[PDB]
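Just so you know, structure 1 and structure 2 below are the same protein chain in two forms, each on its own as structure tokens.
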Structure 1
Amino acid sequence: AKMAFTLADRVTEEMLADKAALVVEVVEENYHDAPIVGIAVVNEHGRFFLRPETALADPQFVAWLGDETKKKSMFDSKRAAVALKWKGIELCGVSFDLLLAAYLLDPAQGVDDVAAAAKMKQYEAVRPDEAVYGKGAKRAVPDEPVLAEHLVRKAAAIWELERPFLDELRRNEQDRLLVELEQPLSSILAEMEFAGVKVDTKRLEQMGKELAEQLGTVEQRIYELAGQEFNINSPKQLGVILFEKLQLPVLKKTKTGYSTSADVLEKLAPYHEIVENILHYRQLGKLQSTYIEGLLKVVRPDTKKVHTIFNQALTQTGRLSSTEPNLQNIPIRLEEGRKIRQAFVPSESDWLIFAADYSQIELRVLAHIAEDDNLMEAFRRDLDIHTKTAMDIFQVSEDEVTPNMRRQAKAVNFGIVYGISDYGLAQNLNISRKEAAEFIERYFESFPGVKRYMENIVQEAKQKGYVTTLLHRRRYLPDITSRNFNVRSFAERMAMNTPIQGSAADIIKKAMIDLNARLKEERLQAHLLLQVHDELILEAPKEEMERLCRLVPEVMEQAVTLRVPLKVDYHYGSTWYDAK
């Protein structure tokens, strides 16, 4: 299996044509400040492999990379863009990214590499990266001959697959989704990742100190309630303490030992006070491991910055995902969890963090999509939506809504959006299945448009095979025809939830693109740093705050026009935590 190409020793004008498939290979999984091991270029003139040291030191080549008029087709261009940003080289003109095209054609695929995407179109003349490099630790660059051929086959595949992918995207009415949304966003994400976020390691270490102190106490406490010390993290030792020493009841028999899962422990809670201590201890432990120890681990020793990597092609909802660190999973139910946000500070003196968040964007999207008169009117009145749901559902006046009622109505609102089952809600509210089902029925009685939407979207998913979002993102649901109840239910739940969550993701993405552009038209140097949940996080000189207070919400509120207003809450402060 050998494909022909020129193992070039110098850059030639031939390699700089105005349309090419380009491969700028970074083998390290985390591409920040990582090595570029080789370059492959395929165009109308042939196939070329270029040694990095040579290519990247060539003025004409670098000029070609940054020339927006020289079009490039790539796979995961953000990875190459960032790797080059760290070398002071700007990559421009990427008009087609195979990874994002594959992601939009079928987010369920999991397209890890060029080989995976190619398989989508019966193209197999390229090997999977893992085959060439190895897995995890073995992931090592091979000798020039083997590396050169792989990169060339990867470039050759992109060159061939561009048209068939664009044709299907066009068929699907997703051509603009790729060109106007996902691709432009990819460049913005690269800028964000490259910029990084400064971390106050002194504050983080102090928080970790306090955390360890807190853990020591709940642990000592558990030991006191157990009457002895034991490895709390040993499921075997724990099971013995709970179900033999303390003689708590075994809720559901397991083939081996006893189960001490969070679910069982939650159900065991009413039997002994040691149970809640253990659950708390586990939470605190998980916070320490990922947000004290794990975070400190990815802070650059020199700049004290953290450079997240967004995975723009992971979720089947369309929402962004990030890792190393994964800042979207900072536990905000836990006080010690939300404070972790105090560790993220401006990257320059006299700068501040500005954070803007969409309020109830998913419910507002549901109101729009379902065209539910009652829900639309509520948002048009800017009512507290949870108090309103409680009023309807429990049939009381606003004055009669108690904190407990609002909390339960809040859970119901989230459940409806989630496409939750009576059993799922029952679990969330710690009530029976019949009681939760009753809440859902009263909800659909008060919100008939939402009821009709939920019913109809499931049958549409059955008829078409997929559901779509505001900007035409699609999610195929082959499992929906399964006779297995859990499998089928899961799919039906996705038919209900995806158009809502996905449309919210579409809006946030468009807002980021519009915002990036407006900030430049307004001559501000403020820039995006992070995107988490329904929040956009930026940093900027203190002198730009007043202008940002008007600009950010305006851009976000105007990203898309719905049947109800899009509400934004915004604040700024000296830390991320304080920008609230």
Structure 2
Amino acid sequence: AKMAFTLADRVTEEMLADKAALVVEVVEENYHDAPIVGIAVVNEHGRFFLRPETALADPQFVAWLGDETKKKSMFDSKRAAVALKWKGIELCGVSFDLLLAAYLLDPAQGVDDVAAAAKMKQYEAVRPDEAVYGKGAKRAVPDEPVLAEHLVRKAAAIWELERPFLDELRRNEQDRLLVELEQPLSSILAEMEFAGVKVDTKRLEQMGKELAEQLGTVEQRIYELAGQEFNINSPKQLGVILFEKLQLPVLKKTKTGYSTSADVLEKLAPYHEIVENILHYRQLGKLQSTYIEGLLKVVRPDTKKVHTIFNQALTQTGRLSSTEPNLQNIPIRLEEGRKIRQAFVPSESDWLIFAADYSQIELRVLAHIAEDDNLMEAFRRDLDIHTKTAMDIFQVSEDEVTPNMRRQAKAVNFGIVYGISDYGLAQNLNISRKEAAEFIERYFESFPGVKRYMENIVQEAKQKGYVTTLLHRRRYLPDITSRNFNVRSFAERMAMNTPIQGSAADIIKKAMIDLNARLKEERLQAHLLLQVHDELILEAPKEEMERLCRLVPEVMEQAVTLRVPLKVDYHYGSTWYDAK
């Protein structure tokens, strides 16, 4: 059953054909400055395995890799491209990425390796990576014979699977989504990750010192009020102190014990002074452990930069995710946590951070897809959407909208943007499910077009089995037919929400591609560093700010043309914190 192939000791001309399935294996999960353990090539002439030290030192092979006219089919090309960038080698001509193809066909399958993608087309002549490399403290690279056969089988699977995957994408009207959006985006993300973001470690360390002192003060105060010392970080130990020793009311319980989440503590604060201190401790501890110590752990000592990895094939909405570190959830709401952003600085002297964000892109997308007259008019007038929503649902003039009314209208809009249930809204506003439902009812009366859309999209999901986005991304919802109210309800809200969130994801991805093309045409040194769902973060020479102030918003606003305009806000400064 063994698969034939040549275990080459040298690179030959037949290995450099203009079309091939290529495997440049990086076993380490985090591929930054990571080892390439082997290379496999499959083309019209045969199957070949090459030792990295050999292939990567060969001028012809390196030239072949960087030749845009020599087309390669791969799985997770970004991983290979980045690992190669760290070695000063350019990878060009990737015309098909099986990971991205599988992801577009069905994001819910969780395809994470060639074997998983192959199984989608009943191809099983390849082993899962985990079976070959193991996992955890057991994860390691097998002897050459085992490694070589695995890489060749993966290349062979890619070679065989390109056509059927492209055929199905074509049927789904997703061929352009792969070739014109996701694949070009993959290269841009590779550049962003490789560039990394500079961190002011001295500043971070100084902050940690301060928090350490503040944590010590609050920590001691907590034992003072509790009358004893315990592990505040232990929900179990803390639960004992709060609900047994101090006799605080049990307003909520968890699957295993007493609930001590912030929302619960907030309600208990009036009963005892220890509560506010626990909350403060929680806040400081979160910053210290996750955003100070955690960040410092992944900063590269030599360059002082962090190189995140964007997972482009994970979410069912089309959004990106960020890891090691996660740069999509750096604090900003509270001033104390916001200061963390002062640690993210430009990578060069006299450069600045530039940040541009879409203003309410999700609700604008909803106005467009639902063709709701009221919502479209609101955005055409560039109204404060929360104030407008409050005016409509509570039936009052703009002057009559109170701060509490706007806050609740804003919560309703938040619920619409993320597709939360009436139960979730009730929880967020600390009201009854019935009152939350009444708010939603009033909203649909004010925005009948949105109501019709939500009804129609649910019916469409049930009829076709999936829902789609502006650029044809797809999400299957098998649970839409469940006879279980909760399971079905969740699916219906995803049917409602995915076209909204997913289309917003499509738009910013296209904006990134359009922006990089524009930056190159204008020969600006400015470059993308991060994407945080509805915002783009760049760095550039201070002398390019004025040009970026006009260029970036324009490109982002013109990425697509909707029934309502798109609006982009922007700021720049010496640190990410200052780009506000």
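The term rigid core refers to the most C-alpha atoms you can superpose between the two forms while keeping them within 1.5 Å. Sequence positions of structure 1, starting at 1, serve as the residue numbers.
Q: Choose the one of the two that is the form deposited with the DNA bound.
A: The form deposited with the DNA bound is the one given as structure 2; the other form is structure 1.
Q: Once the rigid core is superposed, exactly one of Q283, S446, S347, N172 has its CA displaced by 2 Å or more between the two structures; which residue is that?
A: Shifted by 2 Å or more: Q283 only.
Q: So that I can tell if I332 moves, could you say whether its C-alpha shifts by at least 2 Å between the two structures after the core superposition?
A: Yes, shifts by 2 Å or more.
Q: Using a rigid core superposition, assess whether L383 undergoes a CA shift of 2 Å or more between the two structures.
A: It does not reach a 2 Å shift.
Q: Indicate whether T260 shows a C-alpha shift of 2 Å or more between the two structures, with the rigid core used for the fit.
A: Yes, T260 moves 2 Å or more.
Q: How many angstrom apart are the two C-alpha positions of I431 between the two structures, if you fit on the rigid core?
A: It moves 0.6 Å at the C-alpha.
Q: Could you check how much the CA of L204 shifts between the two structures after a rigid core fit, in angstrom?
A: Here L204 registers a C-alpha shift of 1.4 Å.
Q: Would you mind giving the Cα movement of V417 between the two structures in Å, after fitting on the rigid core?
A: Here the C-alpha difference is 3.0 Å.
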